[PDB]
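**Student:** Below is the structure I would like to discuss, written out as structure tokens.
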Amino acid sequence: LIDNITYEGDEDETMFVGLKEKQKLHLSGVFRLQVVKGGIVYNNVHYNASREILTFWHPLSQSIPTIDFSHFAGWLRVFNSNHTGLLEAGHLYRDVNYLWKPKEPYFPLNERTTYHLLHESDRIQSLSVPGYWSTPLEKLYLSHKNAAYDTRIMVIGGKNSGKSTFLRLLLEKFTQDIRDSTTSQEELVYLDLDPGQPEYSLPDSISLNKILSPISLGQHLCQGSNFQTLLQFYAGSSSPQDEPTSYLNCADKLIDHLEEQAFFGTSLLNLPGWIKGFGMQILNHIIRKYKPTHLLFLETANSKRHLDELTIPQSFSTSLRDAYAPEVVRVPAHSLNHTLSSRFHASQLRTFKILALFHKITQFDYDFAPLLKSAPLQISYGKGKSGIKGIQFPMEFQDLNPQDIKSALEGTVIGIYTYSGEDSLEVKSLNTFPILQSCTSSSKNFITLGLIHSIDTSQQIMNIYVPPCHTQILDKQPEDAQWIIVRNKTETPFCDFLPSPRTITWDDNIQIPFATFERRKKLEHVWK
Amino acid sequence: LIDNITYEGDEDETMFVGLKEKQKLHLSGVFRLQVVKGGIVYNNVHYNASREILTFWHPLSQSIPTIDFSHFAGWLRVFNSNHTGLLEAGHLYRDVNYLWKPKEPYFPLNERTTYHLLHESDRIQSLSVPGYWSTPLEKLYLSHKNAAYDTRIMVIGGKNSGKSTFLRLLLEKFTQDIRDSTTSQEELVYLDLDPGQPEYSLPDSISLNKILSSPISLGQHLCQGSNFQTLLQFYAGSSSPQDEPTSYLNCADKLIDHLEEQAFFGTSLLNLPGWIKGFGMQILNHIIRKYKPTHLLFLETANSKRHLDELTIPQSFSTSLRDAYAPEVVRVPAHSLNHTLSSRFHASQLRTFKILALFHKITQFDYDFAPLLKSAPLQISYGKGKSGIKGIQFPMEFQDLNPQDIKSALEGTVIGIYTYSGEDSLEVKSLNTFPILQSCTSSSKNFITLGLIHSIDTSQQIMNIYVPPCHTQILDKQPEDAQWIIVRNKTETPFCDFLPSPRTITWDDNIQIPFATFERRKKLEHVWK
Amino acid sequence: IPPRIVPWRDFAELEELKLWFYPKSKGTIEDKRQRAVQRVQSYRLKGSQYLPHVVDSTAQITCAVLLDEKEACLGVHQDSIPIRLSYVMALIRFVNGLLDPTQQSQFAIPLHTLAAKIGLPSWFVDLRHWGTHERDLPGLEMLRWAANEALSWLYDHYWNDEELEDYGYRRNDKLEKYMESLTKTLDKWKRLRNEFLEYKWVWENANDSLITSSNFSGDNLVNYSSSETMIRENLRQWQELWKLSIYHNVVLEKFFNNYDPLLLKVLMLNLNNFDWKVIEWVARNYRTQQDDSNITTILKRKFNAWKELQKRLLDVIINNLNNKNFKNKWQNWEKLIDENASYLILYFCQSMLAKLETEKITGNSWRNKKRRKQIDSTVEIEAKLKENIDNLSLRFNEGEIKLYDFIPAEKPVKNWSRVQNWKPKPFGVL
Amino acid sequence: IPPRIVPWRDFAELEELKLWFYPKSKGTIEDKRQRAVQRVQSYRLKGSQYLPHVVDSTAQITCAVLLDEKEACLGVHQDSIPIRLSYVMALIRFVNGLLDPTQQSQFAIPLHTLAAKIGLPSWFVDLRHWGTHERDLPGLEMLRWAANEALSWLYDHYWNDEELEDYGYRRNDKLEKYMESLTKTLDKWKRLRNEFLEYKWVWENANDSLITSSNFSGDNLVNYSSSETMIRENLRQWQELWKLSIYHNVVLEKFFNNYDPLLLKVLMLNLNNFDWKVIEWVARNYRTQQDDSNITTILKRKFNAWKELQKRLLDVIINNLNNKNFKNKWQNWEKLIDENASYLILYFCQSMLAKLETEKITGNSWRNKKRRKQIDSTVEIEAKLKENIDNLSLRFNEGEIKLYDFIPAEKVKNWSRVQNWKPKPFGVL
């Protein structure tokens, strides 16, 4: 298709496109559209434009859903992304240099653009919502208005399920419909109970978050800013398996909240997939708990064999007092249809979100300067205590040498916490560190992740980075309130942790600890 | 190709055959020959026809070699071994029924004949002697008379290598010389330290034992031969040394030292457990430097031999003795028998027969195979003193056994009677009337015979048990004063004795059987294996 | 259904074990699994082989879950790494244990498929290399959950489920094919009874005769008994039938059911070790009458009074015993004498002692010069007997002979001593 | 040779560990083995992505060895089922790690062939099943032999053997092309200086011109430039160069070498987050002169003296900054204000206090009504600057300026922002 005109400036390099008839547009990376005329039909959906903008997200790992021309009647656009630097981060991490854009597109590309046309030659997948997937989901937004009660929808699959795609499909549609209905208080809640591929949640964390305009789709890798987080919990790993017993407990605490607000309306969650394994064990208590008015199975010929017992076994008829309902369906697909990564590892990706947060000034602005350059706000742990009340550890490491503790904390991601309901501090003291005692500490508040640059023992101060975005939420709290730090096994980024020439040149004299540059002695290889 | 001379020979089924004929003789079982005239060619060996009876052991499991004729010059022959019992085991033991005689023979079976004749039609395979082996085994012969020093010969093989037959071939070859050399008093002592398929030693045990020059007994007797006398012995308690490495090396180390103390000069022989791949190179590598072997040997060839190479060379040393000042290296084809080794006789099935042959063995050549439960056990009393029994020894695991259930474990468990050489002190920890050697150790102890417990009486403190009959009166011989130790180790009391076949023994129908259940096993209780 | 060995004495014992392993209702003080594993630890001792895999694993696991339960000072070194280490090992075993035996095969169902067949949740089989292969060991909670879950499964499938699925003829056939040839030979004997007497010479001296004339006789000497050979063959079938020391006690049970005074003479002479088997069986039969009023032995059926027994059978054996044969086997006798003690034995020994003296008065043969070495044996035997005789005469008076007729017929401890009177027990209760 | 993260801090942490694992002393004070596993049970807190296998199972084994050797009515002797289990578990994890990593060595190898290369005892491969695929776990003694040999073997094989066998141009490459463009752009500006000086209205009212005539104006008119376009094109390259915040300090260094106060004025008007990016870099370079007495800063080199610095740059910046704009970004200045402290920031807050006390003077325009939500934020701000002037004026005095001038010229309150930071790599406090 011969290209529609493009006009530079004033800012954002906004580009306007005319496509003959109704045609599939291709976009990679950020952009915001305000379509004056015609009907937009991405994934066979309707989005009228009347001076109303909608931000788009187009990551590479997923398939990018092209944009259809729908009536009526057609034939600023191609608005650049609001965020200053999120694209910029590629330099700090350079396995992510092509998340937003391909290496050699058929375009002289530009720094200025936050979007990129991908015309066929590039070979990126564009695959549209499979009609097989359509009737199972088409049947759901019909249940939304006539349910006469808030409807709980549960989607479950193993990784490679394409489960993320399904809930995204539901969210944008449930999202469009809520706007149309007047007056609707039914703001659907997205309940992310999977650490492993977190959506809308801190990495290796669990977040219950409200999904309120303005319009954003489809995949943002957690930088979307279309959600508000009412409450969240720190799982501390990229698997429920490291702590399944705790996690259901952490999740169990979260769902009850919905009745704590006693909410009513649409809600959605994606369970940790657990298609074959302990997951058969994992799923059968929250199907028991979430009162799911709609389960969803996608395994098909995946195979779909592993999940046989659970659907009937955990059904216990209808758990909810009012809903009293059951549902059993299967849709079989693997998506994207092309290889699931599209040359993008989830564990390689999982590191981006960690890095991407620690440089988020605000939702629309990102700075990719290594965190080392930036000053890190200082927390002084108290015996007494002021600030930090205790440091909390996973169960296994409850016996530890006092001396090594300073070494262990430094340069490792930790999650900040607040005491909330009053309790005895109940912490043993080691080497001037108020270690948490007996673990426990059942009632607590999770505010943000924290990374520690340094600890000064004599001072009792603790040099800790937080993503300046939430600053000043930490500052906007009573100083008195006790703080607990939980050092779960969340991975610190290498590219950030010890930086580079070009990245930084440091000083010649200084010696960097925790780093050795001798080639490894044979047999020193890590078991992975 | 026609049978000959099946003379009735009254009682004893005595039989005759002719030296002259050009076809090799075959036979299966326990027989004994004196040739009238003409030389014999067994395993490429020569024995003259001049009126000395030679027994021939032909168990089925081993390959059976023909009997060869040679000059000069011919043309009581073949007559039954004097064993009432040995042949009769099958009725007691189903598995070993065909050990001496093939199940369908195409010869007319005779109940009263110890020895059967086999001719091609029958399955059994005669390896005889490999040509490849001979040059090493032959050349060993040239070094017995010649050396002028005691010659210590070691052979190491993986089980199924064929070490046990290479040794007897050496053993058979050497014995022939000892009879004919004047004056050669250097009777070889076999040094059988393999409890895996032990030959010449008590089940799950270890032995250095002298070999008698006459009268001849060949070739494999399943340890039932009258040709060896036990000088000293030790009980590992396990199928393999690995279960108790610490003792065996120690258990062996004490064995060789005995050789020095009696100050033997002359031939000695040993087969180690082969241990080809595994911990074995280190374990062997300990007593190679101790045994001071003149001629270490290997048989694996395409064993494959890969595992059994490097450790020994490090293990190998310049000398084990001042006069010796030498070492020798050799490798050999390792395959005998050519046909599949089990031959319907897995070693694991044969071993439990050896345990059986002892307990039911009345005398040197007389065996009674009635189920033990008819025979009445002799009784000695474990006691507070105790005088008969002061402590029972348990391996290091099993230390925490609660007292009450100690009695149940003992009954029906094979145990090894030990005598304490004079001891500084008794080391008894006792629970519920059984004195138990709490810290193990107790290096002093001696091995007389195994015993199998019939029952134990907590109140009287008496301990009924069976002992192999042949061993009495040796238990009788030991002074009353001498302390007695019951050692519990993992040896397998045979099933067949434990519950006799119903036909074999008649029990009142009512009487409860303590250790067995006849209910079908609910799924799924099975012995992992 | 041929019986299987199992370490526990009784089913009741097993019932005892199950309750220990899962305390009912409460576990607070009755946990009774510290003891439970103590026992199973013994069963392992009797044999590793005998114990079932499920039982072994139910103790191994409950071992490890008990290991973590230590909460007291002084504080232990333990890093919670061995315990993390222990929990897994039972599982790799316990789970490996169900699939492999009975038996893992060249043709076998893939592991996931097998887990389904038993009733194993296929979330186990993920377990089997789950610990070994992964770099780092799983956290305590994951293991804790699995044991407290698996243990319930063991209780769920084996402990609390009865599903049963998972000699007589061929071994009775050889015995059948013995008794018939026996009863064929005895029914060959009676027809010969007359012949044996006429030919006293053939049976009596068979051991005795060194040389045979026919061999000695020259070929073609000069121009010139199928009731003898017919005797010897019938006798051969008696020796051959006697090589089998297993059915010895059934050759007799048939002999005493057809007692011939003449036969005994024949048997003792031409059947090695026949002299001491009979008397041994006469005692076991005799005592048995004493112990139980009820079972009137073949002996009491053959003999209804002590006197009848003494003249007909008991006396007769003594007369025909070779002095040398009895000597040359004394060890068998002492055991025979040692093993079983009863008045009958006393009368035997005294009668045996007596005849030993009357063969000394008769002693003044031409061969007396030879005698001195062998004199040192006869005295010893006389010497042992006095010890045995004097022994019994303190336990058994002639008051017992009355306890054999009065039964109505049915129409210290010394070391390593033989146990004198024995009734076979299957390794239980003596 | 790219760096490796390692949980110990230095080779003097891992030399020390070697002694602990194999002390050669049986008992009491000399032995330091409980502790030795208690620190590899620490690295595991950071670990175990970084931690090598060869130091894990030498702390896994040795942990189980201290388990069975308990001699006070405790541990292995009273009951010994677990102890047997531990010995085997840490051993399978031992062989498997070297034994099964596979990825380190090419796939599909038979284990022994895999076994041959590393120097593994051959039996160890035989070792792996040990207790997994055999009915009874091996003898509590046989477990003992392997563990002691294994520590010995690992120590001989790994700890003391010296074998070491078992680039980043692009980062240099990316910067150089970029430098060529900052230098390419800067020179273009010098040429455009006359045009920039002349066409002043263009880059001053960037904020004002929301509406442009050109967009409104009619097309193909019957009735009916170089200078404006060039500046607009050049002021884009700056914008594009300023989007990459990583090279923010690179540009500032480059600009200062070529420093011109017109470019200052220019950039302070058309690049977002520039007004505070300079003073930070200035508060940086001003700071490092005081502390480090041997290093000549670009800023010091540019300005020898205080007043020269004060008039030329500090004084120039204050006038330029847009007061309405300044408020929006103020928490920036706050943290920066808190973030870096020096007499330079003393004079700054006093100055930028005065500039907000001359705007209220001329501030007396007609529109009182529409600003009643705009005074409080100015009240709070001025209050914030007064506190920070007094908190700084108790530490900093006129003497320092002499301190700056005399340099030779070469021709803990809860959640807080640390005031002065020198990039330190997760060490040195």
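The chain as shown is numbered from 1 upward.
Header lists the method as X-ray crystallography, 3.7 Å.
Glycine residues also receive a Cβ, built from the backbone N, Cα and C atoms like all the rest.
According to Swiss-Prot, the record shows the following:
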BINDING   A:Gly157, A:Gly158, A:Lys159, A:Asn160, A:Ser161, A:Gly162, A:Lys163, A:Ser164  ATP binding site
**Student:** Give me the Cα-Cα distance between A:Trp75 and A:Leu76 in Å, rounded to a whole number; there are 25 residues missing between them in the deposited model.
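**Tutor:** Distance across the unmodelled stretch, Cα to Cα, is 15 Å.
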**Student:** With Cβ-Cβ distance below 8 Å and at least 6 positions apart along the chain, what are the contacts of A:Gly158 (ATP binding site)? List them in sequence order.
**Tutor:** A:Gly273, A:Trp274, A:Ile275, A:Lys276, A:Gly279, A:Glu299, A:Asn302, A:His306
**Student:** Starting from the Cβ of A:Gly157 (ATP binding site), draw a 10 Å sphere and report how many other Cβ atoms land inside it.
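**Tutor:** Cβ-Cβ neighbours of A:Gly157 (ATP binding site) within 10 Å number 27.
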**Student:** Can you check what DSSP calls A:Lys159 (ATP binding site), collapsed to helix, strand or coil?
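**Tutor:** In three-state terms, A:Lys159 (ATP binding site) counts as coil.
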**Student:** Out of A:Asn160, A:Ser164, which of these binding-site residues shows the lowest number of other CB atoms within 10 Å of its CB?
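**Tutor:** Candidates: the binding-site residues A:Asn160, A:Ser164. Fewest Cβ atoms within 10 Å: A:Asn160.
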**Student:** Other Cβ atoms within 10 Å is the metric here; tell me which of the binding-site residues A:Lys159, A:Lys163 scores highest.
**Tutor:** A:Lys163
**Student:** Going by DSSP, is A:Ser164 (ATP binding site) part of a helix, a strand, or coil?
**Tutor:** helix
**Student:** For the binding-site residues listed here, A:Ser161, A:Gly162, which shows the highest count of neighbouring CB atoms within 10 A?
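**Tutor:** Answer returned by the neighbour count: A:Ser161.
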**Student:** Starting from the Cβ centroid of A:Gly157, A:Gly158, A:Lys159, A:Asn160, A:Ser161, A:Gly162, A:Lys163, A:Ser164, the recorded ATP site, name every other residue in that chain with its Cβ within 8 Å, sequence order please.
**Tutor:** A:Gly273, A:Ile275, A:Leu298
